[PDB]
file work_15.cif (mmCIF, C-alpha atoms and all ligand atoms)
data_query
#
loop_
_atom_site.label_atom_id
_atom_site.label_comp_id
_atom_site.auth_asym_id
_atom_site.auth_seq_id
_atom_site.Cartn_x
_atom_site.Cartn_y
_atom_site.Cartn_z
CA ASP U 8 69.82 94.70 137.04
CA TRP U 9 66.76 92.83 138.41
CA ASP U 10 65.98 89.49 140.14
CA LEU U 11 63.00 87.51 138.63
CA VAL U 12 61.35 86.17 141.87
CA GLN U 13 58.24 84.47 140.29
CA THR U 14 55.88 84.16 137.27
CA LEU U 15 52.68 86.22 137.74
CA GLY U 16 51.19 84.50 134.61
CA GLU U 17 51.06 84.33 130.77
CA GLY U 18 49.43 87.14 128.69
CA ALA U 19 47.88 86.83 125.19
CA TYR U 20 51.46 86.97 123.65
CA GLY U 21 54.06 86.36 126.43
CA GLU U 22 55.30 85.95 130.07
CA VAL U 23 55.03 88.31 133.12
CA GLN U 24 57.35 87.98 136.17
CA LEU U 25 57.69 89.67 139.57
CA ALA U 26 61.12 91.42 139.26
CA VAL U 27 62.87 92.81 142.42
CA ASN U 28 65.52 95.55 141.79
CA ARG U 29 68.96 94.18 142.97
CA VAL U 30 70.04 97.70 144.24
CA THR U 31 66.65 99.15 145.39
CA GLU U 32 64.38 96.10 146.17
CA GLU U 33 61.61 98.04 144.24
CA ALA U 34 59.21 95.22 143.13
CA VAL U 35 57.82 95.62 139.54
CA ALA U 36 56.02 93.42 136.97
CA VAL U 37 58.23 92.76 133.91
CA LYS U 38 57.07 91.26 130.58
CA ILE U 39 60.06 89.54 128.84
CA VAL U 40 59.58 88.93 125.05
CA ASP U 41 61.78 87.00 122.47
CA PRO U 49 58.05 91.61 116.74
CA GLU U 50 55.89 93.96 114.65
CA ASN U 51 53.60 92.90 117.59
CA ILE U 52 55.76 94.22 120.51
CA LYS U 53 56.55 97.48 118.57
CA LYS U 54 52.73 98.00 118.58
CA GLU U 55 52.15 96.95 122.27
CA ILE U 56 54.89 99.43 123.52
CA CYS U 57 53.44 102.28 121.40
CA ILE U 58 49.90 101.64 122.84
CA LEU U 59 51.29 101.34 126.40
CA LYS U 60 52.94 104.80 125.87
CA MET U 61 49.47 106.41 125.07
CA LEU U 62 47.88 105.18 128.35
CA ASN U 63 47.13 107.67 131.14
CA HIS U 64 44.21 106.65 133.38
CA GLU U 65 43.60 105.56 136.98
CA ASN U 66 41.81 102.37 135.68
CA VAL U 67 44.60 101.44 133.22
CA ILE U 68 47.96 99.86 134.35
CA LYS U 69 51.02 102.17 134.73
CA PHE U 70 53.74 101.50 132.07
CA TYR U 71 57.26 102.48 133.33
CA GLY U 72 59.21 101.82 130.09
CA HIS U 73 61.17 99.21 128.07
CA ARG U 74 64.71 97.83 127.43
CA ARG U 75 65.84 95.44 124.59
CA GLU U 76 68.94 93.12 124.54
CA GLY U 77 69.21 91.14 121.23
CA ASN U 78 66.98 87.98 121.38
CA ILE U 79 64.94 89.62 124.26
CA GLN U 80 62.85 92.76 125.16
CA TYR U 81 61.66 93.82 128.66
CA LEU U 82 58.39 95.77 129.46
CA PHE U 83 58.21 97.44 132.89
CA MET U 84 54.86 97.85 134.67
CA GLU U 85 53.45 98.89 138.06
CA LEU U 86 53.20 95.72 140.21
CA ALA U 87 49.49 95.44 141.25
CA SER U 88 49.75 94.75 145.00
CA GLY U 89 46.15 93.41 145.05
CA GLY U 90 46.89 90.82 142.30
CA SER U 91 44.05 89.98 139.84
CA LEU U 92 40.27 90.20 139.95
CA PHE U 93 40.35 86.50 138.98
CA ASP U 94 41.59 85.71 142.55
CA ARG U 95 38.64 87.65 144.16
CA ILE U 96 36.04 85.47 142.37
CA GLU U 97 34.99 82.55 144.62
CA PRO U 98 34.22 79.59 142.30
CA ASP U 99 30.46 78.87 142.08
CA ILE U 100 29.74 81.92 144.40
CA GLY U 101 31.37 85.09 142.91
CA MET U 102 31.70 88.05 145.27
CA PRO U 103 29.43 90.41 147.23
CA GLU U 104 27.22 92.37 144.80
CA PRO U 105 28.51 95.76 146.08
CA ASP U 106 32.17 94.77 145.37
CA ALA U 107 31.08 93.49 141.87
CA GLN U 108 29.26 96.84 141.12
CA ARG U 109 32.27 98.93 142.24
CA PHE U 110 34.69 96.84 140.06
CA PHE U 111 32.18 97.09 137.16
CA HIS U 112 32.02 100.94 137.62
CA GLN U 113 35.86 101.00 137.41
CA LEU U 114 36.02 98.58 134.43
CA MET U 115 33.56 100.86 132.52
CA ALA U 116 35.68 103.95 133.45
CA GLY U 117 38.78 102.16 132.01
CA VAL U 118 37.00 100.92 128.86
CA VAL U 119 35.43 104.43 128.18
CA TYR U 120 38.99 105.90 128.52
CA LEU U 121 40.44 103.30 126.00
CA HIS U 122 37.55 103.65 123.50
CA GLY U 123 37.81 107.49 123.74
CA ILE U 124 41.48 107.28 122.56
CA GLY U 125 40.46 104.85 119.76
CA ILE U 126 41.99 101.75 121.43
CA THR U 127 40.17 98.39 121.80
CA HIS U 128 41.59 95.93 124.37
CA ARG U 129 40.09 92.75 122.74
CA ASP U 130 40.87 90.39 125.72
CA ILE U 131 38.93 91.72 128.73
CA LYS U 132 38.65 88.99 131.37
CA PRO U 133 39.38 88.81 135.14
CA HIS U 134 43.02 87.56 134.57
CA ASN U 135 43.75 90.96 132.82
CA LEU U 136 42.06 93.14 135.50
CA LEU U 137 44.43 93.92 138.41
CA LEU U 138 43.87 95.59 141.83
CA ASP U 139 46.15 98.18 143.52
CA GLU U 140 46.59 98.34 147.38
CA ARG U 141 43.24 100.26 147.61
CA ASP U 142 41.44 97.59 145.40
CA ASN U 143 41.17 100.01 142.42
CA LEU U 144 40.83 98.02 139.18
CA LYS U 145 43.45 98.38 136.41
CA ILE U 146 43.03 97.07 132.85
CA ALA U 147 46.33 95.30 131.91
CA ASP U 148 47.79 93.17 129.04
CA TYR U 149 47.79 95.27 125.84
CA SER U 150 49.30 92.40 123.79
CA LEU U 151 46.04 92.19 121.64
CA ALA U 152 45.10 95.89 121.84
CA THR U 153 44.76 97.76 118.49
CA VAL U 154 43.55 101.09 117.00
CA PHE U 155 39.85 101.08 115.92
CA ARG U 156 39.52 104.86 115.42
CA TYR U 157 42.09 107.29 113.93
CA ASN U 158 41.49 110.90 112.72
CA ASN U 159 37.85 110.45 113.86
CA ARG U 160 37.42 107.53 111.36
CA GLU U 161 36.33 104.07 112.59
CA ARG U 162 37.99 100.94 111.14
CA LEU U 163 36.24 97.54 111.47
CA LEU U 164 38.23 94.64 112.96
CA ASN U 165 38.67 91.54 110.78
CA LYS U 166 40.91 89.33 113.04
CA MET U 167 39.64 86.69 115.54
CA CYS U 168 41.38 86.92 118.92
CA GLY U 169 40.72 86.98 122.68
CA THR U 170 39.38 84.17 124.85
CA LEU U 171 36.51 81.95 123.70
CA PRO U 172 34.19 82.20 126.77
CA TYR U 173 34.63 86.06 126.74
CA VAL U 174 34.36 86.66 122.92
CA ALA U 175 31.26 88.21 121.33
CA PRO U 176 29.36 85.93 118.90
CA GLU U 177 29.86 88.28 115.87
CA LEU U 178 33.65 87.65 116.14
CA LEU U 179 33.01 83.92 115.36
CA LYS U 180 30.54 84.74 112.53
CA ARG U 181 31.32 88.04 110.71
CA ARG U 182 34.33 88.73 108.43
CA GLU U 183 34.42 92.32 109.89
CA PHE U 184 32.81 93.78 113.05
CA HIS U 185 32.83 96.91 115.26
CA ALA U 186 35.46 96.89 118.11
CA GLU U 187 33.38 98.58 120.85
CA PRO U 188 30.49 96.08 121.15
CA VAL U 189 33.04 93.21 121.41
CA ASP U 190 34.68 94.87 124.50
CA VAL U 191 31.18 95.56 125.97
CA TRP U 192 30.28 91.82 125.56
CA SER U 193 33.47 90.68 127.38
CA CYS U 194 32.61 93.17 130.21
CA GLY U 195 29.18 91.42 130.49
CA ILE U 196 30.85 88.01 130.83
CA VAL U 197 33.19 89.51 133.51
CA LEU U 198 30.11 90.86 135.39
CA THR U 199 28.55 87.31 135.16
CA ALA U 200 31.79 85.81 136.59
CA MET U 201 31.83 88.35 139.49
CA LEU U 202 28.14 87.65 140.41
CA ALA U 203 28.01 83.80 139.88
CA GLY U 204 31.64 82.55 140.11
CA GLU U 205 31.00 80.63 136.87
CA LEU U 206 31.26 81.36 133.09
CA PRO U 207 27.94 80.85 131.26
CA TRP U 208 29.33 78.98 128.17
CA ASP U 209 32.46 77.65 126.37
CA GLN U 210 31.74 79.96 123.43
CA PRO U 211 28.73 81.91 122.14
CA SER U 212 27.91 79.57 119.21
CA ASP U 213 24.57 77.77 118.40
CA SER U 214 26.62 74.50 118.70
CA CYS U 215 26.87 75.47 122.47
CA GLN U 216 23.75 74.43 124.47
CA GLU U 217 24.34 76.84 127.40
CA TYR U 218 24.35 79.76 124.84
CA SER U 219 21.13 78.42 123.15
CA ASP U 220 19.46 78.20 126.61
CA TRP U 221 20.33 81.91 127.18
CA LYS U 222 18.94 83.03 123.80
CA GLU U 223 15.79 81.03 124.83
CA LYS U 224 15.85 82.98 128.16
CA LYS U 225 16.15 79.96 130.53
CA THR U 226 17.37 82.22 133.36
CA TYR U 227 16.03 79.70 135.92
CA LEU U 228 19.28 77.79 134.99
CA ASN U 229 22.82 78.58 136.32
CA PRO U 230 24.65 80.90 136.30
CA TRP U 231 21.64 83.22 135.83
CA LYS U 232 19.58 81.94 138.80
CA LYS U 233 22.43 83.03 141.14
CA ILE U 234 22.08 86.61 139.82
CA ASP U 235 19.68 89.15 141.32
CA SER U 236 16.97 90.35 138.89
CA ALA U 237 18.47 93.90 138.65
CA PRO U 238 22.06 93.00 137.49
CA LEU U 239 20.48 90.20 135.39
CA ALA U 240 18.42 92.89 133.57
CA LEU U 241 21.72 94.66 132.72
CA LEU U 242 23.24 91.36 131.54
CA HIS U 243 20.12 90.88 129.28
CA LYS U 244 21.05 94.15 127.46
CA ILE U 245 24.89 93.40 127.27
CA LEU U 246 24.68 89.78 126.11
CA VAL U 247 22.54 90.56 123.01
CA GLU U 248 23.74 88.43 120.01
CA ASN U 249 23.23 91.21 117.37
CA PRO U 250 26.02 93.78 118.06
CA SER U 251 23.93 96.62 116.56
CA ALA U 252 21.12 95.97 119.14
CA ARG U 253 23.62 95.45 122.07
CA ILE U 254 23.64 98.20 124.76
CA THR U 255 26.44 100.85 124.42
CA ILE U 256 28.46 102.15 127.41
CA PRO U 257 26.46 105.49 127.57
CA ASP U 258 23.22 103.42 128.08
CA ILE U 259 24.99 101.06 130.61
CA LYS U 260 25.69 104.27 132.61
CA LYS U 261 21.85 104.73 132.62
CA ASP U 262 21.04 101.18 133.78
CA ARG U 263 19.02 100.74 137.04
CA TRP U 264 21.49 98.30 138.71
CA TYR U 265 24.49 100.35 137.50
CA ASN U 266 22.96 103.34 139.40
CA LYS U 267 21.73 101.36 142.48
CA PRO U 268 23.21 102.44 145.87
CA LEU U 269 24.78 99.27 147.45
CA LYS U 270 26.44 98.83 150.93
CA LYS U 271 30.27 98.19 151.13
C1 LIG Z 301 51.57 91.29 143.78
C2 LIG Z 301 50.92 90.25 142.92
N1 LIG Z 301 50.70 89.04 143.42
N2 LIG Z 301 50.13 88.33 142.41
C3 LIG Z 301 49.77 86.93 142.62
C4 LIG Z 301 49.98 89.09 141.30
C5 LIG Z 301 50.48 90.34 141.59
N3 LIG Z 301 50.51 91.50 140.80
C6 LIG Z 301 50.50 91.62 139.44
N4 LIG Z 301 50.91 92.79 138.90
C7 LIG Z 301 50.97 92.94 137.57
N5 LIG Z 301 51.38 94.14 137.09
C8 LIG Z 301 50.56 91.86 136.75
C9 LIG Z 301 50.41 91.58 135.34
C10 LIG Z 301 50.69 92.50 134.29
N6 LIG Z 301 50.89 93.31 133.48
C11 LIG Z 301 49.91 90.26 135.24
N7 LIG Z 301 49.58 89.46 134.12
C12 LIG Z 301 49.80 88.01 134.07
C13 LIG Z 301 49.72 87.72 132.60
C14 LIG Z 301 48.67 88.72 132.13
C15 LIG Z 301 49.01 90.01 132.88
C16 LIG Z 301 47.81 90.91 133.15
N8 LIG Z 301 49.75 89.75 136.50
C17 LIG Z 301 49.20 88.44 136.90
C18 LIG Z 301 50.13 90.69 137.43
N9 LIG Z 301 50.09 90.54 138.76
CL CL Z 302 36.05 83.25 136.88
CL CL Z 303 21.30 111.96 128.19
#
call {"tool": "encode", "arguments": {"input": "work_15.cif", "output": "structure tokens", "more": "lines below"}}
Ligand SMILES: Cc1nn(C)cc1Nc1nc(N)c2c(C#N)c(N3CCC[C@H]3C)n(C)c2n1
Ligand SMILES: [Cl-]
Ligand SMILES: [Cl-]
result
Amino acid sequence: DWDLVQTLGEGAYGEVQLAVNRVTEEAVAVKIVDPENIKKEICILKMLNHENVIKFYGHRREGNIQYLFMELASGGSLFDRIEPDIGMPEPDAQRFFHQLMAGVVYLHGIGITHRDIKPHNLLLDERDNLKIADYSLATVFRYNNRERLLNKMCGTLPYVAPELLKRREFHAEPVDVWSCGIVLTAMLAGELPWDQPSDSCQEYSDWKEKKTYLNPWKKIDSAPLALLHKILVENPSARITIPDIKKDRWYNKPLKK
């Protein structure tokens, strides 16, 4: 059995605890759940094989409760590397963004959308490699080479793409690209640009009107800001795709550790 030493946090659907093995002292992260939902999460977790996606060990159920076993991320979360109102050194932000894109390209290539990318769900191993965690909202958007549109609102309001608040159905990939742009903003400014990307929200209107002399944008060097101008495009069909992010000037800029 296992000893639950502390809560690491709450996911989109449940709890996550630091569990220490009573016989081994091996420290792991365990998600303990009370349905159709967890059946789906486990199945997605089983598909995952990438250096920038969290390691799933396996699962155990006992009546009113089911247990999900994951690689403990010894570096904790990206959230804890963001200094409020400051962010982090631009070279650490670019490296983490390179790794986030590697993880998202992997997921999209196996037809999976994460749907809740934010710094809380991005963990760091002992060598500060980024791992995309929390598959509680993840779903299939491509099967047998056929795309299906999403038609369900979920995620986290400051990270969600505007089409998810406006369209009955929308493409999965541009939504995950948007959330990656808000994560890049967070890493470079230590502040979220808006509560939600709605015309009711003045900070979002100011961005559409290009007032980049306001915060958080004025904290952001012109090169990464140019990338953010192509990611945070309201119309998903005009938003930059990952293959063109890989071509961006800042994305390809050599920066010093
Ligand atoms: C060693 C360590 N110190 N601290 C403060 C955090 C860790 N390491 C760690 N390792 C994980 N494996 C997860 C994990 C998952 N899975 C998780 N989460 C919280 C709820 C959302 C989810 C991403 N969190 C927060 C995780 N934290
Ligand atoms: Cl933040
Ligand atoms: Cl090309």
call {"tool": "closest_atom_pairs", "arguments": {"input": "work_15.cif", "of": "chain U", "to": "ligand LIG 301 (chain Z)", "cutoff": "10 Å", "atoms": "all atoms listed in the file", "output": "Markdown table"}}
result
| residue | atom | partner | partner_atom | distance |
| --- | --- | --- | --- | --- |
| U:13 | CA | Z:LIG301 | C3 | 9.1 |
| U:14 | CA | Z:LIG301 | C12 | 7.9 |
| U:15 | CA | Z:LIG301 | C17 | 4.2 |
| U:16 | CA | Z:LIG301 | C12 | 3.8 |
| U:17 | CA | Z:LIG301 | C13 | 4.1 |
| U:18 | CA | Z:LIG301 | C14 | 3.9 |
| U:19 | CA | Z:LIG301 | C14 | 7.2 |
| U:20 | CA | Z:LIG301 | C14 | 9.1 |
| U:21 | CA | Z:LIG301 | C13 | 7.7 |
| U:22 | CA | Z:LIG301 | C13 | 6.4 |
| U:23 | CA | Z:LIG301 | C12 | 5.3 |
| U:24 | CA | Z:LIG301 | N8 | 7.8 |
| U:25 | CA | Z:LIG301 | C6 | 7.5 |
| U:34 | CA | Z:LIG301 | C1 | 8.6 |
| U:35 | CA | Z:LIG301 | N5 | 7.0 |
| U:36 | CA | Z:LIG301 | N5 | 4.7 |
| U:37 | CA | Z:LIG301 | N6 | 7.4 |
| U:38 | CA | Z:LIG301 | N6 | 7.1 |
| U:68 | CA | Z:LIG301 | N5 | 7.2 |
| U:69 | CA | Z:LIG301 | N5 | 8.4 |
| U:70 | CA | Z:LIG301 | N6 | 8.8 |
| U:82 | CA | Z:LIG301 | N6 | 8.9 |
| U:83 | CA | Z:LIG301 | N6 | 8.4 |
| U:84 | CA | Z:LIG301 | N5 | 5.6 |
| U:85 | CA | Z:LIG301 | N5 | 5.3 |
| U:86 | CA | Z:LIG301 | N5 | 3.9 |
| U:87 | CA | Z:LIG301 | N4 | 3.8 |
| U:88 | CA | Z:LIG301 | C1 | 4.1 |
| U:89 | CA | Z:LIG301 | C1 | 6.0 |
| U:90 | CA | Z:LIG301 | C4 | 3.7 |
| U:91 | CA | Z:LIG301 | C17 | 6.1 |
| U:92 | CA | Z:LIG301 | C17 | 9.6 |
| U:93 | CA | Z:LIG301 | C17 | 9.3 |
| U:94 | CA | Z:LIG301 | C3 | 8.3 |
| U:131 | CA | Z:LIG301 | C16 | 10.0 |
| U:132 | CA | Z:LIG301 | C16 | 9.5 |
| U:133 | CA | Z:LIG301 | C16 | 8.9 |
| U:134 | CA | Z:LIG301 | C16 | 6.0 |
| U:135 | CA | Z:LIG301 | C16 | 4.1 |
| U:136 | CA | Z:LIG301 | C16 | 6.6 |
| U:137 | CA | Z:LIG301 | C6 | 6.6 |
| U:138 | CA | Z:LIG301 | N3 | 7.9 |
| U:139 | CA | Z:LIG301 | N3 | 8.4 |
| U:140 | CA | Z:LIG301 | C1 | 9.4 |
| U:145 | CA | Z:LIG301 | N5 | 9.0 |
| U:146 | CA | Z:LIG301 | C16 | 7.8 |
| U:147 | CA | Z:LIG301 | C16 | 4.8 |
| U:148 | CA | Z:LIG301 | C16 | 4.7 |
| U:149 | CA | Z:LIG301 | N6 | 8.5 |
| U:150 | CA | Z:LIG301 | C14 | 9.1 |
call {"tool": "closest_residue", "arguments": {"input": "work_15.cif", "among": "U:110, U:173, U:81, U:265", "to": "residue 206 (chain U)", "atoms": "all atoms listed in the file"}}
result
U:173
call {"tool": "closest_atom_pairs", "arguments": {"input": "work_15.cif", "of": "region 83-188 of chain U", "to": "region 239-242 of chain U", "cutoff": "12 Å", "atoms": "all atoms listed in the file", "output": "Markdown table"}}
result
| residue | atom | partner | partner_atom | distance |
| --- | --- | --- | --- | --- |
| U:104 | CA | U:239 | CA | 11.8 |
| U:108 | CA | U:241 | CA | 11.5 |
| U:111 | CA | U:241 | CA | 11.6 |
call {"tool": "atom_distance", "arguments": {"input": "work_15.cif", "atom1": "CA of residue 225 (chain U)", "atom2": "CA of residue 243 (chain U)"}}
result
11.7 Å
call {"tool": "residues_around", "arguments": {"input": "work_15.cif", "residues": "residue 259 (chain U)", "least_positions_apart": "4", "cutoff": "9 Å", "atoms": "all atoms listed in the file", "output": "count of residues only"}}
result
8
call {"tool": "residues_near_ligand", "arguments": {"input": "work_15.cif", "ligand": "ligand CL 302 (chain Z)", "cutoff": "8 Å", "atoms": "all atoms listed in the file", "output": "CSV table (one decimal) with C-alpha atoms, keeping the file's coordinate frame"}}
result
chain,number,residue,atom,x,y,z
U,93,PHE,CA,40.4,86.5,139.0
U,96,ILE,CA,36.0,85.5,142.4
U,97,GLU,CA,35.0,82.6,144.6
U,98,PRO,CA,34.2,79.6,142.3
U,101,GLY,CA,31.4,85.1,142.9
U,133,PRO,CA,39.4,88.8,135.1
U,197,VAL,CA,33.2,89.5,133.5
U,200,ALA,CA,31.8,85.8,136.6
U,201,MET,CA,31.8,88.4,139.5
U,204,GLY,CA,31.6,82.6,140.1
U,205,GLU,CA,31.0,80.6,136.9
U,206,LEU,CA,31.3,81.4,133.1
call {"tool": "residues_around", "arguments": {"input": "work_15.cif", "residues": "residue 172 (chain U)", "least_positions_apart": "2", "cutoff": "12 Å", "atoms": "only C-alpha atoms", "output": "MDAnalysis selection string"}}
result
chainID U and resid 130:133 168:170 174:176 178:179 192:197 199:200 205:212 215 217:218
call {"tool": "residues_near_ligand", "arguments": {"input": "work_15.cif", "ligand": "ligand CL 303 (chain Z)", "cutoff": "12 Å", "atoms": "only C-alpha atoms and all ligand atoms", "output": "PDB file with C-alpha atoms, in the coordinates of the input"}}
result
ATOM      1  CA  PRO U 257      26.460 105.490 127.570  1.00  0.00           C
ATOM      2  CA  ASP U 258      23.220 103.420 128.080  1.00  0.00           C
ATOM      3  CA  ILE U 259      24.990 101.060 130.610  1.00  0.00           C
ATOM      4  CA  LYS U 260      25.690 104.270 132.610  1.00  0.00           C
ATOM      5  CA  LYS U 261      21.850 104.730 132.620  1.00  0.00           C
TER       6      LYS U 261
END
call {"tool": "residues_near_point", "arguments": {"input": "work_15.cif", "point": "(62.0, 90.4, 120.8)", "cutoff": "12 Å", "atoms": "only C-alpha atoms", "output": "number ranges by chain"}}
result
U: 20-21, 38-41, 49-53, 55-56, 73-82
call {"tool": "atom_distance", "arguments": {"input": "work_15.cif", "atom1": "CA of residue 118 (chain U)", "atom2": "CA of residue 167 (chain U)"}}
result
19.7 Å
call {"tool": "closest_residue", "arguments": {"input": "work_15.cif", "among": "U:113, U:251, U:236, U:66", "to": "residue 188 (chain U)", "atoms": "only C-alpha atoms"}}
result
U:251
